[PDB]
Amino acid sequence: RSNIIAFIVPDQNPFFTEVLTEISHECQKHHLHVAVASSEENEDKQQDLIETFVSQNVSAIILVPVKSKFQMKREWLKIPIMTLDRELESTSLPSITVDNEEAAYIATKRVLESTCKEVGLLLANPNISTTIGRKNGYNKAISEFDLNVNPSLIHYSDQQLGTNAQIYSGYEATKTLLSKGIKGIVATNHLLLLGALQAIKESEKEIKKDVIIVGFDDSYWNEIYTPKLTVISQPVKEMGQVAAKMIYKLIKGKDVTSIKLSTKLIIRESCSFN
């Protein structure tokens, strides 16, 4: 076997690179190197990447599926494989994920606990399990406040594929939301968040005054943004540590069960009105 573990990502969300770094630190312990290849949300590219890594006989694959409706060819299954972040629609393939519903529930509830009772939602593609999880968290919070869901308020990145696609979706969605006088926004990944912030910046409107916002995925830049950004923070170190341990046991042929972790909200400045 090659001493490479192939980490197949869907996009350039720093989230994946931060998890990578953790996986990598732990794996070099057993003289395993991690290599990363991005599918850019293209499914044909994802298939080409798996097929190359199988052919190369890598030690293992960690797949972040571009869509949840996807089957592993019988010919690939000789390689230890697990998924991360997202689940596939029907496998006994072990995964590592967070509680996506809780996460978006916490985030949505926080915006509601201000004056804002009509919350814009920015979602990625609904073919992804994390999108469905996050949509369900939003719905649950809305309902707890005895509000009606307004499908008008929910936007998806379902037009194009990849990193920049997601950013533009957040931007254009937010630009629309702001134009309707929406005052509260939950952006459910780092890139959708960056697009939201682009639209808000470009407009006249002032965070904490005209609009409030909760994002997902932390960065050192959230603490130095004006105003500081409240986000759902994912447990990236722990996820990386656990995935590295899950992947080692798979490489040794031991039984492994799926793990789900917990996010936490980091309250800063952007989620409350002055």
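Heads up: residue numbers just count along the shown sequence, starting at 1.
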Between 76 to 84 and 152 to 160, which has the larger average Cα B-factor in the PDB entry?
152 to 160
Do the C-alpha atoms of 185 to 193 or of 89 to 97 have the higher average B factor in the entry?
89 to 97
Which of these has the highest Cα B-factor in the record: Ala35, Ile207, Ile50, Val64?
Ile207
Quick one: which of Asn136, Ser114, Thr130, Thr108 shows the highest Cα temperature factor in the PDB entry?
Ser114
What third of its chain, lowest, middle or highest, does the C-alpha temperature factor of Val119 fall into?
middle
Tell me, lowest, middle or highest third: where does the Cα B factor of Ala104 rank within its chain?
lowest
Cα B factor band for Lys245 (lowest, middle or highest third within the chain)
middle
Is the Cα B-factor recorded for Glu26 in the lowest, middle or highest third of its chain?
highest
Name the third of the chain's ranked CA B-factors that contains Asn274, choosing lowest, middle or highest.
middle
